[PDB]
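# Sequence first, structure after; it's an experimental one.
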Amino acid sequence: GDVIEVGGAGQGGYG
Amino acid sequence: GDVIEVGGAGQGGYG
Amino acid sequence: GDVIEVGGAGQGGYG
Amino acid sequence: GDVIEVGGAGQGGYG
Amino acid sequence: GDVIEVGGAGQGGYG
Amino acid sequence: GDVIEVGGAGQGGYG
Amino acid sequence: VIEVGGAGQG
Amino acid sequence: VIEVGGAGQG
Amino acid sequence: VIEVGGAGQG
Amino acid sequence: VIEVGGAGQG
Amino acid sequence: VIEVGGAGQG
Amino acid sequence: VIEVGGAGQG
């Protein structure tokens, strides 16, 4: 049983 | 003229 | 003239 | 003239 | 039994 | 049983 | 005059 | 005059 | 006049 | 066997 | 066997 | 067997 997660990635600006 | 932006925020996981 | 934007926010997972 | 936008927000998963 | 999820992605602005 | 998740990704701005 | 809201989750 | 909000989670 | 918010989590 | 993709922008 | 895609923008 | 991708920008 190999539980895995990830973490969100919010990225950017004027571009 | 006061231009403003924001940057996206993607967040979370198993929770 | 005060232009403003926002950035999208996509969030979540199993929860 | 105060133009404003928003950014979409798509969110969720199994919950 | 290989459960998988995804997380939502909301993205964008003036563009 | 290999449970996996992801985390949301919200991204962008004026672009 | 202007008022914009934000996006929640649960 | 202007007011923008932010994006929460739970 | 202007006011922008931030992004929380829980 | 399984393959999931990700979300881009431009 | 399985293959899911992602959501782009422009 | 399993393969998940990530989210880019430009």
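Thanks, I have it. Residues are numbered from 1 along each chain as shown, chains lettered A, B, ... in the order given.
# And the residue of chain A closest to chain E?
Per CB to the nearest CB, residue A:8 is where chain A lies closest to chain E, at 6.4 Å. For every residue, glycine as well, the C-beta is placed using N, CA and C.
# Quick one: neighbours of the closest residue to chain K within chain A, just the number.
Taking CB to the nearest CB, chain K has its nearest neighbour within chain A at residue A:12, 11.5 Å off. Residue A:12: 25 surrounding residues under other CB atoms under 10 Å in any protein chain shown.
# swap in residue A:2?
9.
# At the geometric centre of chain A, which residue sits there?
The residue lying closest to the centre of chain A (CA atoms, centre = their mean) is residue A:8, at 2.6 Å.
# residue of chain A with the smallest distance to chain J?
Across chain A, the shortest distance to chain J (CB to the nearest CB) belongs to residue A:12, at 7.6 Å.
# if we can go back for a sec, how near is the residue of chain A closest to chain E to residue E:1?
In this view, residue A:8 and residue E:1 are 26 Å apart by CB to CB, to the nearest Å.
# Enumerate every residue touching the residue of chain A closest to chain K.
B:7-8, C:7, F:11-13, F:15, J:9, L:9 (CB atoms under 8 Å, 6 or more residues apart in numbering or on different chains).
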